[PDB]
Amino acid sequence: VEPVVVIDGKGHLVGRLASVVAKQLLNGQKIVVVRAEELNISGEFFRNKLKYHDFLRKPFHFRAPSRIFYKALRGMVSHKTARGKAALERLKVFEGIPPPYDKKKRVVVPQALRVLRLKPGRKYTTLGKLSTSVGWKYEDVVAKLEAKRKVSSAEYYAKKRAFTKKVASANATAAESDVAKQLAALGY
Amino acid sequence: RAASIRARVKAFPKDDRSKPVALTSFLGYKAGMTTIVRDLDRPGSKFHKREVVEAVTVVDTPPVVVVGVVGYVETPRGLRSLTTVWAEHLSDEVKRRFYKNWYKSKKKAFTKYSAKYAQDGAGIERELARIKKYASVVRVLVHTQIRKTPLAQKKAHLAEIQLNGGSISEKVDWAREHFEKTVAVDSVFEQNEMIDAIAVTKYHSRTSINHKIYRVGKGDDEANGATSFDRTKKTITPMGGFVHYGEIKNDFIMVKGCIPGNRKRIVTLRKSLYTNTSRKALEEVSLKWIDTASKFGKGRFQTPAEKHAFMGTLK
RNA sequence: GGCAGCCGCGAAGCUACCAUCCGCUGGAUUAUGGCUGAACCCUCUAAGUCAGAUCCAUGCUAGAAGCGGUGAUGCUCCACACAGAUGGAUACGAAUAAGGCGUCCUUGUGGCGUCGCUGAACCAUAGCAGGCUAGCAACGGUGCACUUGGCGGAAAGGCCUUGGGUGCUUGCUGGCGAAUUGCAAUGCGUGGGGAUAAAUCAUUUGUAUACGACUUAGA
RNA sequence: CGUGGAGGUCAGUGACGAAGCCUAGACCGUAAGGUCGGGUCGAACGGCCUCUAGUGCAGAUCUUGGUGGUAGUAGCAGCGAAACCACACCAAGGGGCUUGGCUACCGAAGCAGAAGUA
RNA sequence: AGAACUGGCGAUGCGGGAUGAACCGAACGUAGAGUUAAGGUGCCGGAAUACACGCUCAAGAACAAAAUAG
RNA sequence: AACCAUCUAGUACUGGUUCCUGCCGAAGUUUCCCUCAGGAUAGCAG
């Protein structure tokens, strides 16, 4: 339905998000993933640092959270095939929200959120912490310039809220009229 | 194998917000080795005040001039060169570095950029303001004045030096003022300062740290090779010149040990990348006598003034 | 004192522990040492939490037969030629045992009302694949080219926006034509010349050398 | 189904082109194969009922003849082979199909002092 | 060790079981529509990130076994 | 100590055994000639 979909990785499970993205873009849907560093994995820090060195001690290994997510997505797609290679060309993963994706709406997957999937009172791991612990050196800059992203975007939202205030006032003053009642009668 | 005749600085020391804008590294050409004797003033040593004898390398360090400044944005995928800016002029040997067939080529070096600098500066000032507001890590672009060093190379080696000062606005202001200026060797290093050396061996590149500068050579004054004790009117250059090297007629640096690379090879110096706390670094290297005997062959004399003393007189 | 000969001394060289210079500093953790504190008074453990070596960072070597910036000119004539838009990817942040929106003062982790229980939402959506054209109501909405100011460095290259120009306006009232397709077949550079910015070879250079390669310079 | 030859029949086909060969052409049949479209070719061959057999090949470390990698290599600017030839880097499951990748710090110990983790 | 009584395969495709001769279904003319078996329904892979009750923080998806409800 | 031409295409287990299609289609055993050698008998399929 959407020519390009931007998915906010924060608060989502790596496995569920990877599976849903693989299924979606295997059907030709273009998907973009942002804020991968904020992606979460179930379980406390231990047993999440583990199971990574286990396969590491075997090739080339990538420490960036985006590369980890791609590897998770890569194994869920029939790579080495033209369809698999073509499907993987419709995927983009970045840390934070670099432009121009910062100026566009970002969606989430209800069936992949940690809150809706993980039972309360259970420890969970975050991709950023694991990446830093396994040698990632860009967490500091990622956080620093993500905080700046919220800066002045709060101001943009405030301006939008102010504009919508005037829009609502204009609607209300024109409301209750004959045309307004006619529209409300037809569910609009 | 090394990437080129020159080596690349892989790291720089941590920036200092309070210190003024200053350079962090210098480069020069190997000028062989020489013998020196000094009083071992190291405390708690069985050879305290003894005349320890050891070898010290000599590196020719011609004046280095600033030719540009470069800022880098701290992107999530490493540092990216935001914008490079040269300053109104490129030297003949600087231009030569950009040509493999300089003699055959039309020598069409910076022409519109030089003409661009002749404008009201708005573009250059716009880029300076950009750097001021934008990326707060800056590296200076410099070259070696090989036209002064007596070498057949005749080609200037371009190099980048990172500024260690704070208030990158001050950095760009210093660059705006010190453009196309000449920086003396003594302005970057001083005696007793610990530095590291990086070069290319006779062909891999390697780095050695914790090397003390025994003497900083101001090649403008005579008797640069004489210590406070010897204080003779002798230059570090022995009789007849140097082995496979032309002559020393400019600023030079003397470093403990032997920097990698044969004679005439270009080397770079850096301030150890950190504040070493060892007492060896802190102690000052008082100098007693520096060998100046002809290295070519077996010299029985130091300078021609005393050479005739052994023979008395000659035909 | 010839040369296919010997002797005393011998630079230059490959080279030596056979000599010389140098050869790391910040964090999370096993066990362990402790605080707060339940199951069940206590307790280092259940939720939190300080110190602490295996690991990660610093430095070092190379750089994907990956990426950024910078300088130089492609300029001209002749002859030929060509993985799936078709409504809008509609932008705060944070939690999920709490959140927004409006109001005001008690300006604070404030009181009240209001909303979720999905996007089943908002824009726009009428005119021959969207024409011609006569009026009414406002001084709005908006396509295109101009102009002013700021803003976006994470892959900014995009965001608005002061001012005027020219079209539409379906906001409202009417006229002109649709036919016959006949009952559906979805309905963009070369290959030859004119000048020239630059590379490789010739020469040389040696700080390089099994052959490639690398390192210099002469209009 | 197909071939060498023979009896019979097509008052058969054919220099206005028989056989063979080629053909990113087509038709017929479940197939052995037959037929037609186009190019070289030149003089014999075929539709059908029977008889006849030295009658149909993918190999037999098969015979004759011909040609490749090895190899412009070993070797003796030039000359120039031989052996061999089903086919071509690794992890696990399974002989070379499945899934993928180049001595320090702590605790006990009449341990006065001296002097378990890795 | 020695046998032996009936049976699966000898010459056996096809679907599932990561692959397999001792497993399960099922044994065979050429195709269409439809319904199933074992086997599965997060992706590779076609199908419910179905519904309902509890269990487990660590794997979990015959041998080192003996020490949350009643 | 050999070589040449015939008897000799000898003395039996290694290897090979050539076109298509359809139908039917077992066995690895009884037990008698006791047995290594195999014949005749018995079963399956015509």
# chains A, B, ... in the order shown; residues from 1 in each chain; ligands from 1
>>> select_by_dssp(residues="chain A", states="strand (DSSP E)", output="number ranges by chain")
A: 4-8, 30-34, 40-42, 91-93, 124-126
>>> closest_atom_pairs(of="chain A", to="chain B", cutoff="9 Å", atoms="only C-alpha atoms", output="CSV")
residue,atom,partner,partner_atom,distance
A:95,CA,B:76,CA,7.7
A:138,CA,B:76,CA,5.8
A:139,CA,B:76,CA,8.3
A:141,CA,B:76,CA,6.3
A:142,CA,B:76,CA,6.1
A:145,CA,B:76,CA,8.9
>>> residues_around(residues="segment 46-57 of chain D", least_positions_apart="6", cutoff="9 Å", atoms="only C-alpha atoms (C1' of nucleotides)", output="count of residues only")
13
>>> atom_distance(atom1="atom CA of residue 194 of chain B", atom2="atom CA of residue 271 of chain B")
6.3 Å
>>> closest_atom_pairs(of="chain A", to="chain C", cutoff="8 Å", atoms="only C-alpha atoms (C1' of nucleotides)", output="JSON lines")
{"residue": "A:2", "atom": "CA", "partner": "C:89", "partner_atom": "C1'", "distance": 5.9}
{"residue": "A:3", "atom": "CA", "partner": "C:89", "partner_atom": "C1'", "distance": 6.0}
{"residue": "A:4", "atom": "CA", "partner": "C:89", "partner_atom": "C1'", "distance": 4.9}
{"residue": "A:5", "atom": "CA", "partner": "C:89", "partner_atom": "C1'", "distance": 5.8}
{"residue": "A:6", "atom": "CA", "partner": "C:89", "partner_atom": "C1'", "distance": 7.3}
{"residue": "A:28", "atom": "CA", "partner": "C:83", "partner_atom": "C1'", "distance": 7.1}
{"residue": "A:83", "atom": "CA", "partner": "C:83", "partner_atom": "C1'", "distance": 7.9}
{"residue": "A:86", "atom": "CA", "partner": "C:83", "partner_atom": "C1'", "distance": 6.4}
{"residue": "A:87", "atom": "CA", "partner": "C:83", "partner_atom": "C1'", "distance": 7.8}
{"residue": "A:97", "atom": "CA", "partner": "C:154", "partner_atom": "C1'", "distance": 7.8}
{"residue": "A:98", "atom": "CA", "partner": "C:154", "partner_atom": "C1'", "distance": 4.8}
{"residue": "A:99", "atom": "CA", "partner": "C:154", "partner_atom": "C1'", "distance": 6.8}
{"residue": "A:100", "atom": "CA", "partner": "C:158", "partner_atom": "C1'", "distance": 7.8}
{"residue": "A:102", "atom": "CA", "partner": "C:91", "partner_atom": "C1'", "distance": 6.4}
{"residue": "A:103", "atom": "CA", "partner": "C:91", "partner_atom": "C1'", "distance": 4.5}
{"residue": "A:104", "atom": "CA", "partner": "C:91", "partner_atom": "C1'", "distance": 4.2}
{"residue": "A:105", "atom": "CA", "partner": "C:91", "partner_atom": "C1'", "distance": 4.6}
{"residue": "A:106", "atom": "CA", "partner": "C:91", "partner_atom": "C1'", "distance": 7.4}
{"residue": "A:115", "atom": "CA", "partner": "C:96", "partner_atom": "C1'", "distance": 6.6}
{"residue": "A:132", "atom": "CA", "partner": "C:56", "partner_atom": "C1'", "distance": 7.8}
{"residue": "A:133", "atom": "CA", "partner": "C:56", "partner_atom": "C1'", "distance": 5.7}
{"residue": "A:134", "atom": "CA", "partner": "C:56", "partner_atom": "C1'", "distance": 6.1}
{"residue": "A:135", "atom": "CA", "partner": "C:56", "partner_atom": "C1'", "distance": 5.7}
{"residue": "A:145", "atom": "CA", "partner": "C:154", "partner_atom": "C1'", "distance": 7.5}
{"residue": "A:150", "atom": "CA", "partner": "C:93", "partner_atom": "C1'", "distance": 6.5}
{"residue": "A:153", "atom": "CA", "partner": "C:92", "partner_atom": "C1'", "distance": 5.4}
{"residue": "A:154", "atom": "CA", "partner": "C:92", "partner_atom": "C1'", "distance": 4.4}
{"residue": "A:155", "atom": "CA", "partner": "C:92", "partner_atom": "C1'", "distance": 7.5}
{"residue": "A:156", "atom": "CA", "partner": "C:92", "partner_atom": "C1'", "distance": 7.0}
{"residue": "A:157", "atom": "CA", "partner": "C:92", "partner_atom": "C1'", "distance": 4.8}
{"residue": "A:158", "atom": "CA", "partner": "C:92", "partner_atom": "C1'", "distance": 7.7}
>>> interface_residues(of="chain E", to="chain A", cutoff="8 Å", atoms="only C-alpha atoms (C1' of nucleotides)", output="ChimeraX atom specification")
/E:42-44,49
>>> residues_around(residues="segment 212-216 of chain C", least_positions_apart="6", cutoff="7 Å", atoms="only C-alpha atoms (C1' of nucleotides)", output="ChimeraX atom specification")
/B:153 /C:205-206
>>> residues_around(residues="residue 25 of chain E", least_positions_apart="3", cutoff="9 Å", atoms="only C-alpha atoms (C1' of nucleotides)", output="PDB file with C-alpha atoms (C1' of nucleotides), in the first residue's frame")
ATOM      1  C1'   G E  15       4.958 -37.707  -0.485  1.00  0.00           C
ATOM      2  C1'   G E  16       7.056 -36.416   4.670  1.00  0.00           C
ATOM      3  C1'   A E  37      -2.299 -39.581   4.669  1.00  0.00           C
ATOM      4  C1'   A E  38       1.744 -39.209   7.148  1.00  0.00           C
TER       5        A E  38
END
